[PDB]
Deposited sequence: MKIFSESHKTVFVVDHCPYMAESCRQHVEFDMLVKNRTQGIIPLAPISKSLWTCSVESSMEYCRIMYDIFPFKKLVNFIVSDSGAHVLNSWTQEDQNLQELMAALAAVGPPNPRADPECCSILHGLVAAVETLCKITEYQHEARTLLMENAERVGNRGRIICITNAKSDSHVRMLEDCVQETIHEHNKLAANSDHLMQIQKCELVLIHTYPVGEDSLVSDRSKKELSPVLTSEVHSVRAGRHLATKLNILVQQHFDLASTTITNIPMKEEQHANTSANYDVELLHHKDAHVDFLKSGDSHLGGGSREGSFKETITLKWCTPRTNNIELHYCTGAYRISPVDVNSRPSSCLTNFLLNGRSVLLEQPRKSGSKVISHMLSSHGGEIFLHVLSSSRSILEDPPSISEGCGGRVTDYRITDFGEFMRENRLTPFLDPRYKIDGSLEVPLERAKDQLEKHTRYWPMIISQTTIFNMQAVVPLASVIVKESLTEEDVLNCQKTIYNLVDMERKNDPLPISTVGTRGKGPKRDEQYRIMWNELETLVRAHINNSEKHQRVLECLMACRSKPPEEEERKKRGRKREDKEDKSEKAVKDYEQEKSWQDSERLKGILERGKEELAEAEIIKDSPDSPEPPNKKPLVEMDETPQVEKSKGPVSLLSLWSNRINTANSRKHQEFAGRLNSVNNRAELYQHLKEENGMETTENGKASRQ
């Protein structure tokens, strides 16, 4: 839908009771190369944190903006780890905050807390306004109602029994009801329109699933709870991977035949509306400069599902170094292209079907097609002198009004074409090297004193050639050629008098020094 959908606001609630401190019974074997040590294992807190942060990493890679997350560990209190500003939505801040929270207390107070505090703080968090929501509300003056506050809460906890799940769902429904009632009166707290819930229950491998799965169940016209049960370790990570794929409408790609194994990527599902559960695009041999402007119907950010691994790291390093990669679908047709546009790897979806703009009318038949003296190199110089560059800092024009650089570009483009003949045979002042300083300076807005001196030198040199009657380009008596060239020079200069006063000075000099009987 729009920007303000359920995926625009996602809150993570991770349990932090001493229940999430026992090992997950999935001993790791980091000891490979006498008698090895006892294998290490990760707590349920560690597994939930790892999987949640992988979810966050994938979302941040594919959606750098307009998709935010809130991280709420649920302990004795409810410690919110980051805010809704698009500056605390950073992985490094989240790792710092989780390190501050630390491992769950094993022997402080086992049954003094629960998870419901995290959920109450999460629903109290869904009411706040993201900076994008505030901007939309302040833009929709007197109509700031078509901006939803839909969200989503993900809860990873070691539920004791199914009744615990049901009372958690009752608690969250009650919290949304009460907080909606509270936010109806107030103004700086939005009313939640849809708060989907996920209540992933994690248990060690080998223990019975004391809580069974349950499909989506609408507890309200504002809630839709769904319960998952999955073993801690790799299964929980896979569950949250499926969750991130289905929350943001992601898709998978399995790029193969990479010259040195497969590499899996995660992008938006819109990149696979052309082909139509992972596509298997095959790497194609890159050419140096075969073509440079491909017709891409969409560019989507990607994120490796195995980023640290050697094949995906090799592919991403190759892409980041500067070159691109063309991918083919299963004679062969090129359907995609991976390009890194300045440290951001993109997946372009090229078009391989018939072009409706095929066999277009020849430019040699249309209007002006039978003309062979076009100032094509002159216009090339015009194009290359009127290029575009980005400006970071804002500049002030006079007072209280900063200049939009696009407006400056358009003003310059209009300025440089006040007098600009099209065919070579039309113009004569633009066909000799003497007037190059005059042409390249007069079009400017503010002339330096050296520029004025150069214009004076050019005018005096033109007078000298007139005195010597050096033949002019063909582009029609010897004196008539110089008379018409002076007339064209006056036409050029007379059109730029409004730029400044030095243009007026050079115009007066030109009028005085021209050979006008």
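Residues of the deposited sequence with no modelled C-alpha atom fall in the ranges 34-40, 268-278, 295-311, 366-369, 515-522, 565-706.
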